[PDB]
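If you read the sequence from its start, that first residue is 1, and numbering goes on from there.
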Amino acid sequence: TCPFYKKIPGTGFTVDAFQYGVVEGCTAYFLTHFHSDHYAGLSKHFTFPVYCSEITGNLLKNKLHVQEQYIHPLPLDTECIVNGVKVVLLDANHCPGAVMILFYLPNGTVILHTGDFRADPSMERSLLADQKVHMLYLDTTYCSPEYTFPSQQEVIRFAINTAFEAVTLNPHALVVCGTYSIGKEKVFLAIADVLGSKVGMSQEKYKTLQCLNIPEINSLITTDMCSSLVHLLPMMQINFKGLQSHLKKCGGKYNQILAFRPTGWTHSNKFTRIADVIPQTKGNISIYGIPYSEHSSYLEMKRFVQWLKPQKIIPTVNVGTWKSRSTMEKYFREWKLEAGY
Ligand code: NI
């Protein structure tokens, strides 16, 4: 049954709770972003209102075939009223169309649900600055001090230089980028831009990207694999067997694949730096795993929470074990101690 951490008290609202059936008491279902563990159970047969960003609305309509009459897109950074309750959507710095939700309760309580987010100093100058927040429903994916990773910009710089060098040395080398959901488009689009290419992909992935309000997107992407020296593939196909096969499909037009797997965290981040990474090479194919995160590092998360000063924190990730829960609660007490709220 629907967990408490997906319910907004003193409203008829749930958040990312589509896989429980009809939740008793729910008049409006919010969807923070289009990732499968969060929309799980939405379909063309869903008959209750869905509140979400314009981009997430494009994806529900065009990918899941949800009927238009149930989709309520809201603009960002705008005071909106939903079934009598003031709400605001804020950019979550996660994947395209991902939002955080501010709920202003009739009683005067203010609630922030982060969805999935990568906390950033810039959030300290949004509409969150303008009043007290009592409760925080927090993306705790990497809530442990060992999770350090570099800035997105650093990782993108590394990827652009590596690709450029390899292709300049061998103009018949192909770049491949793995994907499985929306998110991490900056990795492949930055690589393509530096190489003066469009990105080649399947028709299904092409449609997906057409939903994202990316400016000039038609000048950036393509289905024509032949006219394209950055390609996208399923992450499931980013391995030697899967790459070889794909190299065989290109019709003797490339003699070398440089591929990137954008992974969240791996235990090689507790030792090695970004400058000091290496690939896994079997022949003319080489696969790099790069630590491109769309969730908060430990330190990013800690700074955000210390700034916001919430009275209560409810974790939304890593909640299924007692050890995880207990460990998160300890970090939250230390943060409040070190800062004095
Ligand atoms: Ni997500």
Side-chain angles (χ1 to χ4, degrees), residues 59 62-63 95-96 152-203 205-215 217-240 242-247 249-264 266 268 274-281 283-292 294:
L59 291 158
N62 296 295
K63 297 285 284 191
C95 60
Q152 292 181 165
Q153 189 272 335
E154 294 176 73
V155 176
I156 286 299
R157 179 87 289 197
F158 171 91
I160 287 169
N161 297 349
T162 303
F164 177 73
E165 177 191 302
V167 156
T168 298
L169 295 172
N170 172 204
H172 318 276
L174 177 52
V175 183
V176 170
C177 283
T179 177
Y180 31 33
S181 66
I182 67 172
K184 311 194 195 184
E185 297 75 11
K186 178 74 167 187
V187 175
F188 59 78
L189 296 178
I191 289 169
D193 191 80
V194 73
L195 288 182
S197 184
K198 306 194 170 212
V199 186
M201 59 204 70
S202 82
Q203 285 191 231
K205 191 64 200 189
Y206 191 106
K207 177 177 185 193
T208 300
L209 308 189
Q210 290 286 159
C211 307
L212 307 181
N213 298 342
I214 281 172
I217 190 54
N218 300 313
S219 70
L220 315 171
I221 56 157
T222 169
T223 39
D224 181 2
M225 300 297 282
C226 294
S227 68
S228 226
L229 58 144
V230 183
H231 289 167
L232 308 189
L233 286 177
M235 204 82 62
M236 278 211 71
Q237 197 175 339
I238 309 298
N239 53 74
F240 304 108
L243 291 173
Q244 285 168 190
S245 194
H246 177 69
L247 192 43
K249 266 155 279 160
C250 285
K253 202 172 195 305
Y254 309 109
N255 51 20
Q256 199 202 333
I257 271 170
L258 182 90
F260 296 91
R261 291 197 332 102
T263 46
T266 72
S268 30
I274 187 57
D276 326 344
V277 177
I278 62 160
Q280 274 200 184
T281 306
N284 57 336
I285 298 173
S286 286
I287 307 178
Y288 291 75
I290 57 176
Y292 191 82
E294 283 186 344

Residue pair [X] / [Y], side-chain heavy-atom distance below 4.5 Å:
X: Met201; Y: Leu209; answer: yes
X: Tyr292; Y: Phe260; answer: no
X: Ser227; Y: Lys198; answer: no
X: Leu59; Y: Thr208; answer: yes
X: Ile290; Y: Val277; answer: no
X: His246; Y: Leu174; answer: yes
X: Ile221; Y: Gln210; answer: yes
X: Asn255; Y: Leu247; answer: no

Identify the heavy atoms of [X] and [Y] that sit nearest to each other, and give their distance.
X: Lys184; Y: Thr263; answer: NZ-C, 4.2 Å
X: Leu232; Y: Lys205; answer: CD1-CG, 4.0 Å
X: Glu294; Y: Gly183; answer: OE1-CA, 3.3 Å
X: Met225; Y: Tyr254; answer: O-OH, 3.7 Å
X: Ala163; Y: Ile191; answer: CB-CG2, 4.0 Å
X: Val155; Y: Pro291; answer: CG2-O, 3.7 Å

Rounded to the nearest 0.5 Å, what's the gap from [atom1] on [X] to [atom2] on [Y]? Could you check?
X: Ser202; Y: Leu233; atom1: OG; atom2: CG; answer: 9.0 Å
X: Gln153; Y: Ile160; atom1: CD; atom2: CD1; answer: 8.5 Å
X: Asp276; Y: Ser268; atom1: CG; atom2: OG; answer: 11.5 Å
X: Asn170; Y: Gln256; atom1: CG; atom2: CD; answer: 4.5 Å
X: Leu189; Y: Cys177; atom1: CG; atom2: SG; answer: 9.5 Å
X: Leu212; Y: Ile182; atom1: CG; atom2: CD1; answer: 6.0 Å

Check this for me: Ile278, atom CD1, are more than 12 non-hydrogen atoms of other residues, nucleotides or ligands nearer than 6.0 Å?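 Count not over threshold, so no.
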Mind running side chain to side chain contact (heavy atoms under 4.5 Å, CB included) on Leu258 and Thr162 for me, showing each step along the way? CA-CA 9 Å; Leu258 182 90; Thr162 303; 4.2 Å; yes
Full working for side chain to side chain contact (heavy atoms under 4.5 Å, CB included) between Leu229 and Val175: CA-CA 6 Å; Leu229 58 144; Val175 183; over 6 Å; no
Checking the side chain of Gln237 only, and the main-chain atoms of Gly242 only, is there a donor and an acceptor separated by less than 3.5 Å?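 A pair under 3.5 Å: yes.
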